[PDB]
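Student: sequence isn't available, so here's the structure alone:
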Ligand SMILES: CC(C)(C#Cc1ccc(-c2ccc(Cl)c3c(NS(C)(=O)=O)nn(CC(F)(F)F)c23)c([C@H](Cc2cc(F)cc(F)c2)NC(=O)Cn2nc(C(F)(F)F)c3c2C(F)(F)[C@@H]2C[C@H]32)n1)S(C)(=O)=O
Ligand SMILES: CC(C)(C#Cc1ccc(-c2ccc(Cl)c3c(NS(C)(=O)=O)nn(CC(F)(F)F)c23)c([C@H](Cc2cc(F)cc(F)c2)NC(=O)Cn2nc(C(F)(F)F)c3c2C(F)(F)[C@@H]2C[C@H]32)n1)S(C)(=O)=O
Ligand SMILES: CC(C)(C#Cc1ccc(-c2ccc(Cl)c3c(NS(C)(=O)=O)nn(CC(F)(F)F)c23)c([C@H](Cc2cc(F)cc(F)c2)NC(=O)Cn2nc(C(F)(F)F)c3c2C(F)(F)[C@@H]2C[C@H]32)n1)S(C)(=O)=O
Ligand SMILES: CC(C)(C#Cc1ccc(-c2ccc(Cl)c3c(NS(C)(=O)=O)nn(CC(F)(F)F)c23)c([C@H](Cc2cc(F)cc(F)c2)NC(=O)Cn2nc(C(F)(F)F)c3c2C(F)(F)[C@@H]2C[C@H]32)n1)S(C)(=O)=O
Ligand SMILES: CC(C)(C#Cc1ccc(-c2ccc(Cl)c3c(NS(C)(=O)=O)nn(CC(F)(F)F)c23)c([C@H](Cc2cc(F)cc(F)c2)NC(=O)Cn2nc(C(F)(F)F)c3c2C(F)(F)[C@@H]2C[C@H]32)n1)S(C)(=O)=O
Ligand SMILES: C=C(C)[C@@H]1CC[C@]2(C(=O)O)CC[C@]3(C)[C@H](CC[C@@H]4[C@@]5(C)CC[C@H](OC(=O)CC(C)(C)C(=O)O)C(C)(C)[C@@H]5CC[C@]43C)[C@@H]12
Ligand SMILES: O=P(O)(O)O[C@H]1[C@H](OP(=O)(O)O)[C@H](OP(=O)(O)O)[C@H](OP(=O)(O)O)[C@@H](OP(=O)(O)O)[C@H]1OP(=O)(O)O
Ligand SMILES: O=P(O)(O)O[C@H]1[C@H](OP(=O)(O)O)[C@H](OP(=O)(O)O)[C@H](OP(=O)(O)O)[C@@H](OP(=O)(O)O)[C@H]1OP(=O)(O)O
């Protein structure tokens, strides 16, 4: 037969925009519940594959799906023997998840009498994964990258640029983030030097200027400055 | 038969990441060319539907595809007469674009003898559209929203928030953009008042303070201050 | 039969020069796409084996190819039974990647009716790997090796020479890099000592001169110098 | 038969615009590869013939194509002579490039069973040529035409006007280039005289004024001025 | 039959790494002799085609191979008459070089009774070529580009950038090379001006500042300054 509730182009685009705009806020759960209703496991897998970024969250979702597939296998004992020509094989957990089943098999299960709604079962598994992501997963934010009090400026710059590469933004916005947040979120010891350097300093100049922060000479210099302020 | 070069989960995710990270920089043309080789028009349509945002760009792409389909229809004249039972209908432009053709028909055209590579024809049409986008389309940027010299502060705030809603960023990043760019990119007449308000000013207080800029009272007051400087 | 699109000597040399000149900049993706079109998986493997250096990137590419081969195996079920004498075995994921297939088998698949373009499928897998490399892989640079603020000079020298051995350069250029960058990219505490040492100092004398930096005596001496400057 | 992927008017116009806008930046390689897919060698030659200017680059491309045709002829031995009435002659290197083959022969090769993708082979040869151009060819720029320290002003003017005639620009832009760059890019010895002449000076007047630069009289005069400054 | 000593992926990669790391130092001769032993002329040609850069060296090697092939043809007289059906044609010099012989013919010669080791003969020819390269070929070096005493700065800059384009380095290393060596290896007359310009000067500003060096004005000015020092 045919699946009447196969996802339309606008449904897929709406799901993509939901993920891009809201990330994994709780709002994602109702949206996925409504956009994916009636769809085959193949359509749900398409929707899950359209998620860009958030690799850790997607791995969490995959783990949850695998656990639910194991639970399905536990509850449904394997039947051994020759299947009737009219009948078809009973779904397994991987069949529900669509890893070991074709679209035709999923449609056959969904449109059979009695019907096995593999799409809805898989949808509930995905919802469990999404709930776990919403509770547990925290996406990386370039706004959260601050230099530690004893962190070398080079390591902080490396973390900043890694997070910026993972950041969802336009290249112009990422350039503006580099120009604004990197110096601002440095620790006070490095920030003093960076401000003394001037606004026109390049990254190499900034990195050389802070290369000694925490070394013997810089420690002695700041200690002597504080002691001189005290004596005066 | 079956299509061996149907897009895999990783192929679709790579396309999604390419669009999210590069927007419509020229790099999008090779990637789409390489990620979509040998795919059916249905897979191409899926890839196009996973593009979030850039609605004007997608409208441009659709116009280009429609014009290419019209060109195909002009080149291939429709032949009147019943098709042979072992033969299938010759594709029209809409058939290549995937609008009026099913996946089975596309596979039949691609795997026939002689083959009609509808996927590759549609790929070239999409590449023409993408080239037009890369040449002529410029995405909206929150960094580009600046108050006009005579523009009311309300209108500028409205434009800023519309562009922010359209911006591809996390909610925390969007909040930071609101806290940073809105006052910064205001015109000097509003910006002096906004600075006089102080950092703690809310949006409504900021908008009330600038409500009279350009009115008779504000014009008279600034002229009076300037002539106070002059006749000092 | 024969493969009409086997890579020519100039095609292979062009690929080698692309890798040597641009490393894994995005330009590598279109170039590989155009140089390898119509080639057997054996030719693509020949092209991949000519990449000198970038071992981590090539391991990434191999992981991507293995994932795509697993996806192929998942989508193509194994058929058990006696193959027809006029027929050949259906390609598996390793067969497309060329690990478990011979050049004759690849040519037979590519030139059969219906054809299985194993070269094109493998090319898309390699393109996915190259896209991952372009996005995620960053080659080591001798210019990026700087001494940490608390790093011993000997450890920094070891890191510098390891990176220099990995660097793509002529031996004369590498000697010039040793003569220019090693002292330049040392931290301020070691740089002071190295500059006081003189331009004729050897590597052993430089390591001896900086051997005590961060030790108790050096710390006391720099502290005393700072305090003396403060008292005076 | 007929070629389904024959270049459309928009495809050819896009190729022309790509060449006009980007000259031979790396971007030309993907665009060509995308615009020329599935086309006959005749369409490829039409695409190549629309390149205006860059004659040296076109010559390099022709040399690369001839080299690839020679390689093809080396790999494919010439048949004995008994051509089957139902079969057609096997293509040579010149047939792949379309110099000695007609459109009908190219279509026959492309649509035959087994197929010989003469268009794609030729496209690979053209891509090799374009890669050579991108790597090696540098277009002449009016911005780079500067007078040598001992170059006569007449010779520099002649070089400037030759380059300007070769430059891609409108006549008004060329006139503005003449009014701006010619005096600006002269050597200091001629530039001083040109500045002393005044903005209204014509080309003939400037050329007459600089006719003596480097001669014994001008050298003696400039030396005398320098010595007079020294004595005073 | 089959060639048991066909080059493995690691053999080819080792040869590529040898050429990239050692260029044509004498170490290349043993390495090539060891990696290539027992291989067909086709494998030898692959290894030679994987050499990027050093085009003059490769031309020398090709000339040496052609002369050795001529020597082989002189020593082995061509015999007129039909070859025996069980026998194969006797190799010519081009057959040993692999230009006019297919892989099947090479394998047939190497595995015949008595055997003709065309691979070993070709290897000795290549060794002669590599020896000629090691003795007579010196690769271009960016470190060797120095401005002549009265070379115009523009010509020296052109030479520097051509050599830099030919240089085997990463783009970052080439940028650093431009930042360091170009001013450093200018002649003293231009170098004084370049230092007077300052570190922030662009290439166009440097070319304008040195455009007059060697012209009448600059010669008179420097002579006048020297005479000022003398008559001081
Ligand atoms: C052809 C088509 C119709 C299809 C299909 C199709 C079929 C099956 C599956 C699949 C479903 C369920 C399980 Cl439980 C496993 C499994 N279990 S296992 C042995 O432990 O790994 N494997 N698969 C791969 C299988 F089946 F192919 F083997 C699956 C997918 C998933 C959909 C999915 C994506 C996701 F993110 C998280 C999920 F929970 C499920 N997509 C992938 O898995 C590929 N992926 N994975 C991960 C990650 F690791 F981060 F989670 C990532 C991807 C990514 F999308 F690239 C993206 C960056 C993130 N799609 S179409 C048009 O969409 O291409
Ligand atoms: C079921 C499935 C396999 C399928 C399919 C499927 C089938 C056909 C088409 C389609 C293709 C070509 C043309 Cl030429 C037309 C057409 N020509 S017409 C009379 O002028 O409108 N109509 N269609 C709708 C048709 F065919 F249904 F009639 C099409 C699509 C397109 C793919 C596409 C997306 C795109 F962005 C630009 C394109 F050029 C083509 N997607 C849509 O069209 C929906 N869309 N449109 C637009 C816009 F208008 F902005 F461009 C937008 C969307 C959006 F994705 F929401 C996104 C915000 C942007 N997908 S699946 C798993 O992928 O869901
Ligand atoms: C004879 C010939 C025609 C052939 C062939 C030939 C045949 C197969 C393969 C191969 C292809 C695909 C997979 Cl998926 C695996 C696999 N999968 S596995 C079980 O997990 O390891 N193994 N192979 C080895 C196999 F098949 F032989 F078993 C492969 C290769 C690869 C080509 C390749 C190179 C590459 F860099 C990255 C790739 F993704 C694929 N070359 C190698 O792999 C050897 N290599 N590997 C790595 C690394 F580890 F860094 F990635 C490195 C090399 C290196 F080249 F030395 C270089 C330093 C880097 N070539 S010829 C003229 O070319 O000599
Ligand atoms: C009927 C029709 C459909 C056709 C065809 C048609 C057929 C063949 C060829 C051709 C193709 C390949 C080779 Cl390898 C040779 C060859 N090899 S050879 C013995 O060394 O000269 N000769 N030809 C002439 C041949 F075959 F006709 F004899 C060719 C062309 C080329 C296409 C081409 C253009 C190009 F720029 C660079 C190329 F590599 C290939 N166009 C020309 O060559 C004319 N050209 N050449 C050069 C230059 F020298 F600068 F590169 C220039 C032109 C120019 F366009 F004027 C432009 C200023 C530059 N077109 S159409 C479109 O006319 O209506
Ligand atoms: C298909 C395959 C199995 C094969 C083969 C294959 C077959 C033959 C040959 C060949 C061998 C010997 C001679 Cl004596 C001649 C010849 N004699 S002649 C009439 O005077 O020119 N011609 N050939 C071309 C022939 F045979 F096609 F006619 C050859 C090559 C050579 C191998 C080679 C490379 C080399 F550097 C120096 C050599 F001495 C020999 N590679 C080329 O020639 C292409 N090349 N040439 C030169 C240069 F000119 F600089 F030396 C350059 C290249 C380059 F690689 F691009 C690189 C920049 C340098 N490869 S595979 C997988 O490897 O692609
Ligand atoms: C009589 C005078 C008024 C004064 C009073 C005394 C005097 C003084 O102290 O001023 C002693 C120094 C001299 C003699 C001047 C006169 C001028 C000359 C002269 C400027 C002459 C032109 C010559 O130039 C050339 O030959 C051109 C050149 C490029 C070198 C070439 O052709 O190769 C040079 C060599 C540059 C000299 C330098 C010596 C002095 C200053 C004298
Ligand atoms: O007590 P110490 O044995 O002398 O330890 C010191 C000291 O650590 P203490 O807090 O225990 O005193 C310093 O201070 P902390 O950072 O750990 O708070 C620390 O680092 P800093 O000097 O940068 O502050 C480092 O001192 P050093 O920089 O010399 O490594 C360390 O080791 P030392 O014994 O070598 O001084
Ligand atoms: O000074 P240059 O820029 O190099 O050019 C030359 C050159 O001088 P050099 O010795 O430095 O090369 C000539 O040679 P000399 O006599 O000084 O040895 C000299 O005179 P001659 O040409 O007669 O030999 C004179 O050349 P000119 O007669 O043109 O003045 C001079 O100046 P120019 O740069 O103007 O040629």
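Tutor: Arrived safely, thanks for sending. Numbers count the residues shown, from 1 in each chain, chains lettered A, B, ... in the order given. Ligands and ions are numbered 1, 2, ... in the order given.

Student: with adjacent residues omitted, what lies nearest to the residue most central in space within chain A?
Tutor: The structure's chain A has its C-alpha centroid closest to residue A:54; by C-alpha atoms, centre = their mean the separation is 1.3 Å. Computed as C-beta to C-beta, 6 or more residues apart in numbering or on different chains, the closest residue to residue A:54 that is not its neighbour in sequence is residue A:139, at 6.2 Å. Every residue, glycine included, has its C-beta placed from N, CA and C.

Student: burial count for that neighbour?
Tutor: Counted by other C-beta atoms under 10 Å in any protein chain shown, the residues lying close to residue A:139 total 17.

Student: mind checking the SS state of it?
Tutor: coil (DSSP: H, G, I helix; E, B strand; the rest coil).

Student: for it, give its distance to residue B:172.
Tutor: 9 Å (C-beta to C-beta, to the nearest Å).

Student: relative to residue C:229, how far out is the nearest residue to residue A:190 once chain neighbours are set aside?
Tutor: Using C-beta to C-beta, 6+ apart and skipping residues adjacent in sequence, the residue nearest residue A:190 is residue A:210, 4.5 Å away. The gap separating residue A:210 from residue C:229 is 22 Å, by C-beta to C-beta.

Student: quick one: which of these two has more around it?
Tutor: residue A:210 (26 against 13).

Student: would you confirm that the more buried one contacts residue A:195?
Tutor: No - the pair residue A:210 / residue A:195 is not scored as a contact, 11.5 Å apart, by C-beta atoms under 8 Å.

Student: and the closest residue to residue A:63 other than its chain neighbours, how far is that from residue B:51?
Tutor: Spatial nearest neighbour of residue A:63, chain neighbours left out: residue A:129 (7.7 Å); criterion: C-beta to C-beta, 6+ apart. Relative to residue B:51, residue A:129 is positioned 25 Å away (criterion: C-beta to C-beta).

Student: now residue A:210
Tutor: Look at residue A:210 and residue B:51: by C-beta to C-beta, they are 42 Å apart.

Student: can you check residue A:192 too?
Tutor: When distance is defined by C-beta to C-beta, residue A:192 is 46 Å away from residue B:51.

Student: among those two, which residue is more densely surrounded?
Tutor: residue B:51 (22 against 14).

Student: contacts only, for that one.
Tutor: Contacts for residue B:51 (C-beta atoms under 8 Å, 6 or more residues apart in numbering or on different chains) come out as A:13, A:16, B:19, B:57, B:58.

Student: how about a cut-off of 7 Å?
Tutor: Residue B:51 makes contacts with B:19, B:58, as judged by C-beta atoms under 7 Å, 6 or more residues apart in numbering or on different chains.

Student: equivalent analysis for residue A:5, please.
Tutor: With contact set as C-beta under 7 Å, 6+ apart, residue A:5 has these partners: A:37, A:38, A:39.

Student: for chain A, longest helix please?
Tutor: Longest helix in chain A, counting residues (DSSP state H): helix A:55-75.

Student: how far is it from where the chain is centred?
Tutor: The chain centre lies 16 Å from the centre of helix A:55-75; the measure is C-alpha atoms, centre = their mean, to the nearest Å.

Student: any idea how far the closest residue to ligand 2 within chain A lies from residue B:52?
Tutor: Residue of chain A nearest ligand 2, by C-beta to the nearest ligand atom: residue A:13 (3.2 Å). Distance, residue A:13 to residue B:52, using C-beta to C-beta: 7 Å.

Student: ligand 2 contacts on chain A?
Tutor: Contact residues (C-beta under 6 Å from any ligand atom) of chain A with ligand 2: A:7, A:8, A:9, A:10, A:12, A:13, A:46.

Student: buried ones among the residues you listed?
Tutor: For the residues of chain A next to ligand 2, a burial check counting by 16 or more other C-beta atoms under 10 Å in any protein chain shown picks out A:7, A:12, A:13, A:46.

Student: the residue of chain A closest to ligand 2 touches residue B:48, doesn't it?
Tutor: No - the pair residue A:13 / residue B:48 is not scored as a contact, 9.4 Å apart, by C-beta atoms under 7 Å.

Student: ok, now which ones touch residue A:58?
Tutor: residue A:51.

Student: do any residues in the helix or strand containing residue A:20 lie close to chain B?
Tutor: Under the criterion of DSSP states H and E, residue A:20 resides in helix A:9-22. Yes - for helix A:9-22, a contact with chain B is found by C-beta under 7 Å from any C-beta of the partner chain, at A:9, A:12, A:13, A:16, A:17, A:20.

Student: list the buried residues in that helix.
Tutor: A:11, A:12, A:13, A:14, A:15, A:16, A:18, A:19, A:20, A:21.

Student: let me have those residues in TSV, extended by distance to chain E.
Tutor: Shown next, in TSV, are those (distance: C-beta to the nearest C-beta, whole Å):
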residue	distance to chain E
A:11	44
A:12	40
A:13	39
A:14	42
A:15	40
A:16	35
A:18	40
A:19	36
A:20	33
A:21	37
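
Student: ligand 6: which of the residues you listed is nearest?
Tutor: For those, the minimum distance to ligand 6 (C-beta to the nearest ligand atom) is 73.6 Å, reached by residue A:20.

Student: count of neighbours near residue A:209?
Tutor: Around residue A:209 there are 17 other residues, counting by other C-beta under 10 Å.

Student: so who does it touch?
Tutor: Residue A:209 is in contact with A:193, A:194, A:197, counting by C-beta under 7 Å, 6+ apart.

Student: and if you look at residue A:9?
Tutor: residue B:49.

Student: cool, residue A:110 as well?
Tutor: A:3, A:40, A:117, A:118, A:119.

Student: apply 8 Å and report the result again.
Tutor: A:3, A:40, A:116, A:117, A:118, A:119.

Student: and the two most separated of those residues?
Tutor: Spanning the widest gap among the contacts of residue A:110 are A:3 and A:116, at 13.6 Å by C-beta to C-beta.

Student: circling back to that earlier point, okay, the residues of helix A:9-22 next to chain B in CSV with distance to residue C:74 next?
Tutor: Listed next are the residues of helix A:9-22 next to chain B as CSV, based on distance: C-beta to C-beta, whole Å:
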residue, distance to residue C:74
A:9, 26
A:12, 22
A:13, 27
A:16, 24
A:17, 29
A:20, 28
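
Student: out of the contacts of residue A:5, who has the most neighbours?
Tutor: Neighbour counts for the contacts of residue A:5 (other C-beta under 10 Å) peak at residue A:39, which has 23 neighbours.
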